[PDB]
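Participant: Got a structure for you, entry_24.cif, holding mmCIF, C-alpha atoms.
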```cif
data_protein
#
loop_
_atom_site.label_atom_id
_atom_site.label_comp_id
_atom_site.auth_asym_id
_atom_site.auth_seq_id
_atom_site.Cartn_x
_atom_site.Cartn_y
_atom_site.Cartn_z
CA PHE A 149 28.08 7.40 -43.84
CA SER A 169 7.91 2.01 -20.48
CA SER A 170 5.89 3.21 -17.47
CA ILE A 171 3.18 0.94 -15.94
CA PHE A 172 1.01 3.80 -14.48
CA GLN A 173 1.44 2.54 -10.84
CA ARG A 174 4.47 4.86 -10.81
CA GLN A 175 2.46 7.74 -9.37
CA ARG A 176 2.34 5.80 -6.11
CA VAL A 177 6.00 4.77 -6.34
CA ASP A 178 6.91 8.40 -7.06
CA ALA A 179 5.01 9.69 -4.02
CA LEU A 180 6.83 7.02 -2.04
CA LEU A 181 10.10 8.33 -3.48
CA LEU A 182 9.26 11.83 -2.27
CA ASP A 183 8.48 10.44 1.17
CA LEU A 184 11.84 8.67 1.05
CA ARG A 185 13.56 11.95 0.13
CA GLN A 186 12.01 13.62 3.15
CA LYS A 187 12.44 10.72 5.59
CA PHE A 188 16.00 10.18 4.38
CA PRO A 189 17.71 13.26 2.97
CA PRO A 190 20.73 13.16 0.66
CA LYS A 191 24.06 14.11 2.22
CA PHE A 192 26.98 15.18 0.02
CA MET B 292 21.61 1.79 4.38
CA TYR B 293 19.44 -0.84 6.07
CA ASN B 294 17.08 1.79 7.50
CA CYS B 295 16.57 3.52 4.15
CA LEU B 296 16.10 0.38 2.01
CA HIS B 297 14.03 -1.45 4.67
CA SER B 298 11.65 1.47 5.22
CA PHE B 299 11.21 1.96 1.48
CA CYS B 300 10.61 -1.74 0.86
CA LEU B 301 8.07 -2.05 3.65
CA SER B 302 6.07 0.95 2.51
CA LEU B 303 6.25 -0.47 -1.01
CA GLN B 304 4.70 -3.66 0.35
CA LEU B 305 1.95 -1.64 2.00
CA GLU B 306 1.25 0.16 -1.28
CA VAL B 307 1.03 -3.19 -3.08
CA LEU B 308 -1.43 -4.47 -0.49
CA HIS B 309 -3.57 -1.35 -0.79
CA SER B 310 -3.69 -1.66 -4.57
CA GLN B 311 -4.67 -5.32 -4.17
CA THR B 312 -7.52 -4.39 -1.83
CA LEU B 313 -8.81 -1.83 -4.29
CA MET B 314 -8.71 -4.53 -6.97
CA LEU B 315 -10.69 -6.91 -4.74
CA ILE B 316 -13.26 -4.26 -3.87
CA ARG B 317 -13.70 -3.23 -7.48
CA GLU B 318 -13.71 -6.66 -9.12
CA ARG B 319 -14.97 -9.50 -6.98
CA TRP B 320 -15.62 -8.72 -3.30
CA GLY B 321 -17.38 -5.37 -3.22
CA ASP B 322 -18.62 -4.18 0.20
CA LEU B 323 -17.66 -7.52 1.76
CA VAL B 324 -14.39 -5.82 2.61
CA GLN B 325 -13.88 -2.12 3.27
CA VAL B 326 -10.77 -0.02 3.81
CA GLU B 327 -11.13 1.63 7.20
CA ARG B 328 -7.83 3.50 7.46
CA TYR B 329 -4.93 3.88 5.08
CA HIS B 330 -1.99 6.10 5.96
CA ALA B 331 0.60 5.70 3.20
CA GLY B 332 3.71 4.07 4.61
CA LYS B 333 2.15 3.93 8.08
CA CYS B 334 -0.85 1.60 8.32
CA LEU B 335 -3.62 -0.21 6.48
CA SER B 336 -6.81 -1.44 8.13
CA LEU B 337 -9.53 -3.53 6.51
CA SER B 338 -12.99 -4.49 7.69
CA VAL B 339 -14.62 -7.84 7.00
CA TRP B 340 -17.91 -9.37 8.20
#
```
If you convert what's in this file into structure tokens, what do you get?
Facilitator:
Amino acid sequence: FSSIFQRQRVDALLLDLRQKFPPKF
Amino acid sequence: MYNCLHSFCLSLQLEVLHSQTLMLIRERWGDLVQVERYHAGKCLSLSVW
């Protein structure tokens, strides 16, 4: 019939962005 | 929208600059420049001479 392994720092920055700017439904 | 994407981009730029300084300290400079303070997303402070 990838991930360049500098993404730990970007991810921590994403968490800081989540806290500094929260989502709002 | 501007506040969120400007704050994220500026702290991204600070992270890039910190990674560059760690590259310079490891590879070529080495104790000719030292990181004094680094608060992620807040400030970076280097020491020369």
Participant: For chain A against stretch 327-336 of chain B, with a cut-off of 12 Å and counting all atoms listed in the file, what is the closest atom pair and its distance in Å to one decimal for every residue that makes the cut, ordered by chain and number, as CSV?
Facilitator:
```
residue,atom,partner,partner_atom,distance
A:176,CA,B:331,CA,9.5
A:177,CA,B:331,CA,11.0
A:179,CA,B:331,CA,9.4
A:180,CA,B:332,CA,7.9
A:181,CA,B:332,CA,11.2
A:182,CA,B:332,CA,11.8
A:183,CA,B:332,CA,8.7
A:184,CA,B:332,CA,10.0
A:187,CA,B:332,CA,11.0
```
Participant: Please write as a list in words the full residue list that the PyMOL selection byres ((chain B and resi 309-322) around 10) yields on this file.
Facilitator: residues 173 and 176 of chain A; 303, 304, 305, 306, 307, 308, 323, 324, 325, 326, 329, 331, 334, 335, 336, 337, 338, 339 and 340 of chain B
Participant: Can you measure atom CA of residue B:294 to atom CA of residue A:188 for me? One decimal in Å is fine.
Facilitator: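 That distance, rounded to one decimal, is 9.0 Å.
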